[PDB]
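Written below as structure tokens is the structure these notes are about.
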Number of protein chains: 2
Amino acid sequence: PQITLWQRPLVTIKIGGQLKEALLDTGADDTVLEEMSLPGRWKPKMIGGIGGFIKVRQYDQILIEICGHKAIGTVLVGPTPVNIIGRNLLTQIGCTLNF
Amino acid sequence: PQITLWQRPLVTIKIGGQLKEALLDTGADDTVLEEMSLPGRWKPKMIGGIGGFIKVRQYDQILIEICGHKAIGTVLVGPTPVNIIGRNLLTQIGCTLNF
Ligand SMILES: NC(=O)O[C@@H]1Cc2ccccc2[C@@H]1C1=CN[C@@](Cc2ccccc2)(C[C@H](O)[C@H](Cc2ccccc2)NC(=O)O[C@H]2CCOC2)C1=O
């Protein structure tokens, strides 16, 4: 599909059998989701944003369906304002900016 | 141009005579530029994202050229780590997300 930016680029993602709303974020290198339980081990990761750094937990090889497109990759869980789909997952579903 | 997301989507913008490097960010409602002097009067505003909030100066009706495409809108100036072009200006140059 082609998504214009007159409103927030929100999509519903399916993770762990449940639906969530996430924002397509080209300015985010990584995908960060709000607090939730994911399987396996996690390793630490410091990520910088607009207001500074935060420490999040990194989970690798996580199945996540974005707008019907299946992706398997790294997901970071931490105190984020909203679920953010970053470039690591945008490239997997073949997302590009055009103008 | 069609921009891929394998790398950060950085472009050259021209504002106040000088050329700068900015990140195209579909996740940002607004546009924030690093500390610089712009003419006109401003209003304080607090913006927040990952890491927390920062105080910025809001200037309205600022003219920016994004890849040659002129655009006009609200521009925030403050302690941001990178210049970020948000939705307010991306729509003006006809930028869309495709997948
Ligand atoms: N409210 C709103 O729309 O946007 C807010 C307010 C605002 C105003 C102007 C500009 C940005 C924003 C903010 C905002 C938008 N998207 C985010 C996420 C967000 C979205 C909605 C609400 C809160 C947070 C992330 C930016 O894309 C940011 C860009 C960045 C890149 C590099 C360094 C610093 C900042 N990247 C970043 O944190 O990178 C990472 C997180 C995972 O990988 C790393 C962000 O922080």
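By convention here, the chains of the structure tokens are called A, B, ... in the order presented, each chain's residues are numbered starting at 1, and ligands are numbered starting at 1 in the order presented.
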Please report as number ranges by chain which residues of chain A come no farther than 6 Å from chain B, using only C-alpha atoms. A: 1-5, 25-27, 49-54, 87, 91, 94-99
Using DSSP on the backbone coordinates, identify the residues of chain A assigned to strand (DSSP E or B); present them as a PyMOL selection string. chain A and resi 2-4+10-15+18-24+32-33+43-48+53-66+69-77+84-85+96-98
Which residues are close to residue B:83, i.e. within 6 Å by only C-alpha atoms, leaving aside same-chain residues fewer than 6 positions away? Reply as an mmCIF file with C-alpha atoms, in the first residue's frame.
```cif
data_model
loop_
_atom_site.group_PDB
_atom_site.id
_atom_site.type_symbol
_atom_site.label_atom_id
_atom_site.label_comp_id
_atom_site.auth_asym_id
_atom_site.auth_seq_id
_atom_site.Cartn_x
_atom_site.Cartn_y
_atom_site.Cartn_z
ATOM 1 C CA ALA B 22 18.637 15.969 8.126
ATOM 2 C CA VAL B 32 13.366 19.853 15.043
ATOM 3 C CA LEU B 33 16.662 21.420 14.062
ATOM 4 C CA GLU B 34 19.814 21.744 16.140
#
```
Apply DSSP to the structure's backbone, then extract all residues of chain B labelled helix (DSSP H, G or I) and return them as JSON, numbers by chain. {"B": [87, 88, 89, 90, 91, 92, 93]}
Within 12 Å of residue A:19, counting only C-alpha atoms, which residues qualify if same-chain residues fewer than 2 places away don't, as a list in words?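 Once the nearby chain positions are removed, what remains is residues 11, 12, 13, 14, 15, 16, 17, 21, 22, 64, 65, 66, 67, 68 and 83 of chain A.
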May I have the residues from that selection written out with N, CA, C and O atoms, as an mmCIF file, in the first residue's frame?
```cif
data_model
loop_
_atom_site.group_PDB
_atom_site.id
_atom_site.type_symbol
_atom_site.label_atom_id
_atom_site.label_comp_id
_atom_site.auth_asym_id
_atom_site.auth_seq_id
_atom_site.Cartn_x
_atom_site.Cartn_y
_atom_site.Cartn_z
ATOM 1 N N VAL A 11 -0.100 1.226 12.246
ATOM 2 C CA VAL A 11 -0.476 -0.060 11.677
ATOM 3 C C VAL A 11 -0.711 -0.998 12.841
ATOM 4 O O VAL A 11 -0.295 -0.717 13.964
ATOM 5 N N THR A 12 -1.437 -2.079 12.601
ATOM 6 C CA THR A 12 -1.660 -3.044 13.665
ATOM 7 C C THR A 12 -0.649 -4.155 13.392
ATOM 8 O O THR A 12 -0.381 -4.495 12.235
ATOM 9 N N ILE A 13 0.021 -4.602 14.441
ATOM 10 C CA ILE A 13 1.000 -5.669 14.330
ATOM 11 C C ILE A 13 0.475 -6.825 15.188
ATOM 12 O O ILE A 13 -0.345 -6.633 16.095
ATOM 13 N N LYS A 14 0.901 -8.031 14.869
ATOM 14 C CA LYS A 14 0.468 -9.184 15.636
ATOM 15 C C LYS A 14 1.745 -9.763 16.218
ATOM 16 O O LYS A 14 2.697 -10.038 15.491
ATOM 17 N N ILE A 15 1.794 -9.875 17.534
ATOM 18 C CA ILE A 15 2.965 -10.416 18.196
ATOM 19 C C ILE A 15 2.460 -11.213 19.387
ATOM 20 O O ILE A 15 1.605 -10.751 20.141
ATOM 21 N N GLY A 16 2.907 -12.457 19.480
ATOM 22 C CA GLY A 16 2.479 -13.314 20.570
ATOM 23 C C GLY A 16 0.988 -13.615 20.537
ATOM 24 O O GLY A 16 0.345 -13.707 21.580
ATOM 25 N N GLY A 17 0.422 -13.750 19.345
ATOM 26 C CA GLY A 17 -0.991 -14.049 19.243
ATOM 27 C C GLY A 17 -1.908 -12.869 19.500
ATOM 28 O O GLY A 17 -3.132 -13.014 19.436
ATOM 29 N N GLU A 21 -0.999 -1.797 18.205
ATOM 30 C CA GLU A 21 -0.885 -0.750 17.221
ATOM 31 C C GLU A 21 0.534 -0.253 17.324
ATOM 32 O O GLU A 21 1.072 -0.127 18.429
ATOM 33 N N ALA A 22 1.153 0.009 16.184
ATOM 34 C CA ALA A 22 2.523 0.474 16.171
ATOM 35 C C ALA A 22 2.647 1.577 15.146
ATOM 36 O O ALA A 22 1.856 1.660 14.221
ATOM 37 N N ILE A 64 7.017 -11.372 14.103
ATOM 38 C CA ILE A 64 6.118 -10.255 14.216
ATOM 39 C C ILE A 64 5.477 -10.034 12.856
ATOM 40 O O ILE A 64 6.142 -10.037 11.825
ATOM 41 N N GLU A 65 4.159 -9.958 12.849
ATOM 42 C CA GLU A 65 3.439 -9.739 11.611
ATOM 43 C C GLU A 65 3.012 -8.282 11.548
ATOM 44 O O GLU A 65 2.328 -7.776 12.429
ATOM 45 N N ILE A 66 3.448 -7.600 10.512
ATOM 46 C CA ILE A 66 3.151 -6.194 10.348
ATOM 47 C C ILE A 66 2.253 -6.002 9.149
ATOM 48 O O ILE A 66 2.671 -6.253 8.013
ATOM 49 N N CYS A 67 1.018 -5.570 9.390
ATOM 50 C CA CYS A 67 0.080 -5.327 8.300
ATOM 51 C C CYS A 67 -0.011 -6.551 7.389
ATOM 52 O O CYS A 67 0.031 -6.429 6.166
ATOM 53 N N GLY A 68 -0.051 -7.739 7.982
ATOM 54 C CA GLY A 68 -0.127 -8.943 7.177
ATOM 55 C C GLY A 68 1.206 -9.496 6.687
ATOM 56 O O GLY A 68 1.265 -10.642 6.242
ATOM 57 N N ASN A 83 4.600 1.957 20.567
ATOM 58 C CA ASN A 83 5.293 0.862 19.901
ATOM 59 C C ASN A 83 5.866 1.475 18.609
ATOM 60 O O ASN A 83 5.161 2.142 17.855
#
```
Length of the atom CA of residue B:61 to atom CA of residue B:43 vector [Å]: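 These atoms are spaced 13.0 Å apart.
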Near residue B:58, counting only C-alpha atoms, which residues have an atom at most 8 Å away, once you skip same-chain residues fewer than 5 positions from it, shown as a list in words? residues 42, 43, 44, 45, 74, 75, 76 and 77 of chain B
In terms of the shortest atom-to-atom distance over only C-alpha atoms and all ligand atoms, which of A:56, A:62, A:38, A:72 is closest to ligand 1?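 Residue with the minimum atom-to-atom distance to ligand 1: A:56.
Candidate residues A:18, A:31, A:36, A:78 were compared for distance to ligand 1, and the nearest is A:31, using only C-alpha atoms and all ligand atoms.
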